[PDB]
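The numbers here are math on the coordinates, done by the rules we state, and not lab data. Heads up, the Cβs are rebuilt from the backbone with ideal geometry, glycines too, and the neighbour counts pull from every protein chain shown.
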Amino acid sequence: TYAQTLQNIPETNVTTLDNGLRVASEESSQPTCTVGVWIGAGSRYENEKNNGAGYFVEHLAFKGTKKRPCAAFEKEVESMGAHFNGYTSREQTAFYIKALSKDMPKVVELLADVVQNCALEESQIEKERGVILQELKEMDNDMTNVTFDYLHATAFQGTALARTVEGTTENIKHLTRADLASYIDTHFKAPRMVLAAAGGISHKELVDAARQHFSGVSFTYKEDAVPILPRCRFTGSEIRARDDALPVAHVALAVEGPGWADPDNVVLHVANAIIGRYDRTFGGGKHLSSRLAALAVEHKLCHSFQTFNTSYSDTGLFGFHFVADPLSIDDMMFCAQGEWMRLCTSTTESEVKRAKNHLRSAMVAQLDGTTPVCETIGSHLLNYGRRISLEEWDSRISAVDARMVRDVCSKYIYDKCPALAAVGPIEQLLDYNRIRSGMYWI
Amino acid sequence: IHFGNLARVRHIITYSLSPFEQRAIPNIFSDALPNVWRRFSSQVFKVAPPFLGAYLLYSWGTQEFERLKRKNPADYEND
């Protein structure tokens, strides 16, 4: 039974090193694995002058360390068949590796060598600088991310969160060997890091290899304390980047989210599970269960749309995004806001029951392989401070009912001034005022 | 159907805030009034003139009319 298969999922071991770093992992009977360090750093932690460093760093994290330069480092990893990947968001950075369990320790070594001893070769920087600069131009043509950036840019205008993860053009043109060095030395620290791993690994063999390469100890009490960030203020507002030269328009709308810790996030997710998502290649077409998707199809309202619940430590963004043609923006938006209102005022048990199953299947698929599991462990600790097992998630999801979905959505959506970002040939979509009024009365 | 076929517009970004995050009548003394005055000045010498020039003509014609109703003693000095 489903119920049992859940209980029988091995536990996630978590032990803390005397230096503050936390080592966690889930052992399976798998010959291959994924281990990595998930860090509590990112553009949010940056400032006006170093915005982008964490990214510039990401660009050098692999170009070799001091103990073993570029050529060697690369050669040593490729030759063992391991995959080295990593990323960086607004409140989270991470470098992880995919290799056979047999090399779990040599991997751990490599990791520690990357986060602790990045080369930062003066000559490499000036090159990755030209590289990042082009990545920006390529990303500038990805309306979907140009939109979410703007969404943040205004939803959290004037604050830390209103900054792009990649950073300013100036910032990247002038950042220095120093600033980068500083960022790493200021942010990459044991208490704010998590060595997570999953596969055919022994927690012990892991934790042991951990104490060995992650030995650096702290003296003062400050070094053991994780700094709390000044919070970000939400603002009902809009930003409209118009360009009738673009073929389609992109729209994103959202209200402020509750933040990782809050339980409501579960219901909020159950909610988005109802509205769900669409994209012209869904074969369900007109029979799809999602009311918005249907209208989208019956009336050719858009090319795609997605609901999201982007969470952060102390805040979040709960809204939706859609791509449409210049002349179907309004109906689309109109219908969309309609569903949000429907959530608040007339959700059905039938709706939620489904939304739940869709959500359950979702959480389970989020752990499909070793990298994804490791990514979940690396995150739960960093955000929830522990691990929430499918067995738990399920119970929290199973407890959600209509009456509940209604109250929450009402609590976060009804009559709230939303943040909106539009890009492209957005002439037909108009007036904040109008959009603001779509925030009440089903 | 008029919203969507209006104009070919490119590269203009605008920013605005919800009516609830801002003040209805803001900066009354720092911005409002100074401009009320500004506007008033720019026009006075265009409007006021002909209106004043009207008043006069009105006053004259009125007083002159009343004057022509009064008697001129120079019609009865003789007899």
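What is the angle, in °, between the Cα long axis of helix B:33-67 and the longest principal axis of the Cα atoms in chain B? Nearest 10 is fine, range 0 to 90.
It works out to around 20 degrees.
Among A:99-107, A:194-202, B:50-58, A:115-123, what's the highest-first ranking by average C-beta atoms within 10 angstrom per residue?
Working: A:99-107: 19.4, A:194-202: 24.8, B:50-58: 9.6, A:115-123: 16.6.
In decreasing order of mean packing, A:99-107, A:194-202, B:50-58, A:115-123 become A:194-202, A:99-107, A:115-123, B:50-58.
Which residue fluctuates the most in chain A, going by a Gaussian network model with Cα springs under 10 Å, if the choices are A:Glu375, A:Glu238, A:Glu78?
A:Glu78
Please identify which residues in segment A:308-351 have an amide N closer than 20 Å to a label point set 7 Å out from the Cα of A:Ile228, following the Cα→Cβ vector.
Zone members listed by number: A:312-316.
May I ask for the net charge around A:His152, where only other residues with Cβ less than 14 Å from the Cβ of A:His152 are counted and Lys, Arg are +1 while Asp, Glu are -1?
Numbers: positive: A:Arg44, A:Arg90, A:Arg163, A:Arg233; negative: A:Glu46, A:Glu91, A:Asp149, A:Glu166, A:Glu238, A:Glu256.
Taking every Cβ under 14 Å from that of A:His152, the sum is -2.
Distances over 34 Å make up what percent of all Cα-Cα pairs in the protein assembly as shown?
Values: 68969 of 135460 pairs.
Cα-Cα pairs of the protein assembly as shown separated by over 34 Å account for 51 percent.
Dividing the alpha-carbon Rg of chain B by 2.2 N^0.38 Å yields what? Before the final figure, lay out the partial values.
Working: Rg = 29.6 Å, N = 79, 2.2 N^0.38 = 11.6 Å.
Cα-based Rg divided by the globular estimate yields 2.56.
Please give the FRET efficiency for A:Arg68 paired with A:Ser202, using the beta carbon to beta carbon distance and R0 = 41 Å, rounded to the nearest 0.05. Present the calculation step by step, with values, prior to reporting the outcome.
Values: r = 26 Å, r/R0 = 0.64.
For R0 = 41 Å, the calculated efficiency reads 0.95.
Write out the chymotrypsin sites (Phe, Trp or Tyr not before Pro) in segment A:190-297 meeting two conditions: DSSP loop, and at most 13 other Cβ atoms within 10 Å of their Cβ. Before the final figure, lay out each step's value.
Values: sites: A:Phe214, A:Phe219, A:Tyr221, A:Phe234, A:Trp260, A:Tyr278, A:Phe282; in loops: A:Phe214, A:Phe219, A:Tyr221, A:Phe234, A:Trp260, A:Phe282.
Counting only loop positions with at most 13 other Cβ atoms within 10 Å, the chymotrypsin sites (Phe, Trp or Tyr not before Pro) in segment A:190-297 are A:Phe219, A:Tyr221.
Calculate the FRET efficiency for B:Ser16 and A:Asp262 from the Cβ-Cβ distance with a Förster distance of 35 Å, rounded to the nearest 0.05.
Numbers: r = 30 Å, r/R0 = 0.85.
Plugging the Cβ-Cβ distance into 1/(1 + (r/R0)^6) gives 0.75.
Pull out the extension gain between A:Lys411 and A:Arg396, defined as 0.36 nm times the separation in residues minus the alpha carbon to alpha carbon distance; nm, one decimal. Please list the in-between numbers first.
On the way: separation 15, 0.36 × 15 = 5.40 nm, distance 1.88 nm.
Here the answer is 3.5 nm.
Restricting to Cα pairs below 8 Å that are 6+ residues apart, what does the relative contact order work out to for chain A? Please round to a whole percent. List each step's numbers first, then the result.
Numbers: 833 pairs, mean separation 97.7, N = 442.
Answer for chain A is 22 percent.
May I ask for the distance between the Cα centers of segment B:1-68 and segment A:306-375, given as a whole number of Å?
Value for the Cα centre distance between the two parts: 49 Å.
Return the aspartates and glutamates within reach of A:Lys106: Cα separation strictly under 15 angstrom, same-chain partners fewer than 8 residues apart disregarded; answer none if there are no such residues.
A:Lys106 reaches A:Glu74, A:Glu76, A:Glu78, A:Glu205, A:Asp208.
Between segment A:237-275 and segment A:97-141, how far is it from one alpha carbon centroid to the other, in angstrom?
Going from one Cα centre to the other spans 31 Å.
At a Cα cut-off below 22 Å, give the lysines reachable from A:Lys300, other chains included and same-chain residues fewer than 8 away excluded.
A:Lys286
State the extension gain, in nm to one decimal, for the chain segment bounded by A:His299 and A:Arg280, taking 0.36 nm per residue of separation less the distance between their alpha-carbons. Walk me through the numbers before you get to the answer.
On the way: separation 19, 0.36 × 19 = 6.84 nm, distance 1.23 nm.
Between A:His299 and A:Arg280, full extension yields an extra 5.6 nm.
What FRET efficiency comes out for the pair B:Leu56/A:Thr144, r = Cβ-Cβ distance, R0 = 60 Å, nearest 0.05?
0.25
Given the DSSP H assignment, sum -39500 (n - 2.57) over each helix run of at least 4 residues in chain B and divide by its residue total; what's the result at 222 nm in deg cm²/dmol, nearest 500? Write down the numbers at each step before the final one.
On the way: 1 runs with 35 residues, N = 79.
The helix-only estimate for chain B comes to -16000 deg cm²/dmol at 222 nm.
Mean-square fluctuation check for chain A, GNM, Cα pairs under 10 Å: which of A:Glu339, A:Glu391, A:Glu138 is largest?
Among A:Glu339, A:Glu391, A:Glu138, the largest GNM mean-square fluctuation belongs to A:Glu138.
Would you mind giving the mean number of other chain beta-carbons within 10 Å of the Cβ of each residue in A:231-241, as a whole number?
3
Past the 22 Å Cα-Cα mark, which pairs from A:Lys49/A:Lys173; A:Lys102/A:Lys189; A:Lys98/A:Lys204; A:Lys49/A:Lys222?
A:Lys102/A:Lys189; A:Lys49/A:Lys222
Pick from A:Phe188, A:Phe334, A:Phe56: which residue has the top mean-square fluctuation in a GNM of chain A where Cα pairs under 10 Å get a spring?
Per the Cα network of chain A with a 10 Å cutoff, A:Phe334 tops the list.
With axes computed from alpha carbons, what is the tilt in degrees of helix A:370-384 against the longest principal axis of chain A, rounded to the nearest 10 within 0 to 90?
Taking Cα atoms only, the helix is inclined about 80 degrees.
What is the Cα coordinate range of segment A:237-440 on the first, second and third principal axes, sorted by size from largest, in whole angstrom?
Rounded to whole Å, the extents work out to 48, 35, 34 Å.
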